[PDB]
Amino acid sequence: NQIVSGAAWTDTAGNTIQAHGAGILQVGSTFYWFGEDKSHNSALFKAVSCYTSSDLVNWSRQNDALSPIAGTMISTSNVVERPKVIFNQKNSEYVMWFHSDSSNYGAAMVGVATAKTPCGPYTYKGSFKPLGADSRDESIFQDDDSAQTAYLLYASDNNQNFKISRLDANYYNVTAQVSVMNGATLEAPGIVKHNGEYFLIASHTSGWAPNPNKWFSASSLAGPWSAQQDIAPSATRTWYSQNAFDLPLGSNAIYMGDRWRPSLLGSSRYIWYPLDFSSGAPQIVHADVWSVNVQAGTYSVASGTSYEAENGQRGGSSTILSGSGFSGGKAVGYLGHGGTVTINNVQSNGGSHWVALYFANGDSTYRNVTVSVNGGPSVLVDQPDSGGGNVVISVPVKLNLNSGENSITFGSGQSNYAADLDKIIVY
């Protein structure tokens, strides 16, 4: 049980999970992860996937919950985003909502589909504008009152005004507006309850690029909502992610986000972190490797051993850079293109270990770094843009180490410059 944000997560078949824009549903002790299948690197509709698990980590892919229909707004030339599914007790029916759009995002509708079983397949009922207004990024929140009253959370009015509106008793349509934040430019919403209070997590509108996601709280869905506050250090842009789903977990929650990769959408990653409420304000716990016990409502952060890149052995043209965003105030630059750094005396008990690479990449585009263990064949690790040359994020790589001391060499045999390497943490 290791949740490793940024890694290529695979289902029980060993295939990369394709469930972007997550919606989670719990039925009894089984969890259902619905999402966008982007396996052909398209922004257009291929499927709403359905994966099941009892532990939130080992996901078994079922038949797709929603499939395209030519000549409708759920054709393979249209947009189906951010699916969400809730169970209607009155009708014994699962109801899926999603953002339904054209490829230019000019239609701004919701779509609804229904099924008698959690993975369906679902039957599409049509798309519409809620109360006649725009809806783009959306979520569905189901309260725990007696009626299990449900709400659409949505970016409206050309993304400018954020709305919460109550659904009818069938969950088929929006009946009344409940809250509006005019001019808020919020998207990617989700709500999770905590000690009877409602917590809204949302991003701002920066297109595909990540931005600092925010939390708001209220004692009623009608508000008043608190003023936005950060869930993560602002410079990290939510640790390079965008909110997708906020799952309750005991007295805390799990932040489930997407790391969108526009040039390779099917390789967009899943950024899941504990959302810790112990201070009364929710905050992402930046845990490169953590474990979850969904039955206990608990999480456990793995401990690792840190090695500073600047304490490694540089070869060729690599150099030491100084900056306030780096651990130890220093990083190794000019890696790749003839510069290397080798971190020696990496202790291990043997076997396979997750290693987090902390780097800064001030480009607008990705870099990568070659990684070789004890002189073995290199693997190439993608290094997203980090937000600035003085902003560090981490990405994980699983390395086979030997008992005793090990060496890890970065930047050998690549023509391009890698990102600047701050440190590594070996878990």
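For every residue, the number given is its place in the sequence shown, counted from 1.
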Averaging the C-alpha B factors as listed in the entry, name the stretch that ends up higher: 265-273 or 350-358.
350-358
Going by the mean C-alpha B-factor recorded in the entry, which is higher: 402-410 or 16-24?
402-410
Per the entry, which of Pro83, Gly111, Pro189, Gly207 tops the list for Cα B factor?
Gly207
Could you check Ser322, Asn213, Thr236, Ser217 and tell me which one carries the biggest Cα B-factor in the deposited entry?
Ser322
The third of the chain into which the C-alpha temperature factor of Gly257 falls is the lowest
Please place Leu44 in the lowest, middle or highest third of its chain by C-alpha B factor as given in the entry.
highest
How does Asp145 rank on Cα B-factor within its chain, lowest, middle or highest third?
highest
Within this chain's modelled residues, let me know which third the CA B factor of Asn345 belongs to: lowest, middle or highest.
highest
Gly35 - Cα temperature factor, lowest/middle/highest third of chain:
lowest
